[PDB]
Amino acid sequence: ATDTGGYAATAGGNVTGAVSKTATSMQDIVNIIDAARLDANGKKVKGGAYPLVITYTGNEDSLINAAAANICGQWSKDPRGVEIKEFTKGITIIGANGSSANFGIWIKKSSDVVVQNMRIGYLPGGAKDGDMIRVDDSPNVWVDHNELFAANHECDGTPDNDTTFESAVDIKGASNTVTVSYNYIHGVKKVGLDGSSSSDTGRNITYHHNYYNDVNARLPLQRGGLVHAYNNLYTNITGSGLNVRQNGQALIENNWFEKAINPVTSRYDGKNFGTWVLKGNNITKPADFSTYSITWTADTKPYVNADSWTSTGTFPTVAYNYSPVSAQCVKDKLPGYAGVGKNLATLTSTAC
């Protein structure tokens, strides 16, 4: 169906007349998408000629393992990624169990795109936009059950001292409805944007059932819009978590936070603070901060931390249907449903 447990409502390429293809390499993916633009007469069709289900069977572990051993040699290399530009017929890129990629998926001005079961890590080209997954001007995109990783570390002398590795899931532009779920994101300094600038405000994004471990910041860095974060496991956040900016609104419910600095905040602009509605998280009052090693820091510009752990605004009625398990169940069970090789399994209260 089209139910993703979030704002995005798409079946991707799993629709009527979908054509299944197997890609054994990054280049196959590129070629497969190109072929999908031609009609029965060999002429290009705007938005694509037919829906696609690409099963990626390639494995780039040698590239990944080599990169892991020389972290600081990645940022200056050429970035690698498959671009899904202006393809609206519907497409799903799903990795076969055991597949791996040292390249990113860049979605631009497309719609109804699903990316699942992909293990992407240590991408080269952090200094030249080497994002793992990018959603730009693309509504109805579902990024589900992937493992996105690198090293939560910044090498010396990188451009802006911020380019050792690019982000895991960046959302910007008119990507009006997006769902980011069941991903195992670890060893990432900048997890992802939700708006590329002060002017790029908006969108309705849902982050659910993601397991974050050893990440520094941007979970996400929100600029306006609505963000619904539920059933996520946030551990070892070394910088800040959800940064709600430009009057954005967030509903933060039934998540488990632990060993996190500034888990919920609004900083870096000095104005137009966003709001949040907190409910059902493992933290319920400031007394719980010590229990779960939650630390807070100030910023040089005016900011707002959720150190009182109280709701600071409201949130409109959630459109879709979802059934969150308890925060405890997340902490107990989530690590077994999030990521690759889980056969796209979901956490239900029955499993709690």
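Start at 1 and count along the sequence shown; that's the residue number.
- Per the PDB record, of the two stretches 151-159 and 249-257, 151-159 carries the greater mean B-factor over its C-alpha atoms.
- In this entry, 275-283 shows the higher mean Cα temperature factor of the pair 178-186 and 275-283.
- When the C-alpha B factors of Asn65, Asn305, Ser323, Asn59 are read from the deposited coordinates, the top value falls at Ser323.
- For the set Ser198, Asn213, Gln74, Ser100, the maximum C-alpha B-factor listed in the entry falls on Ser198.
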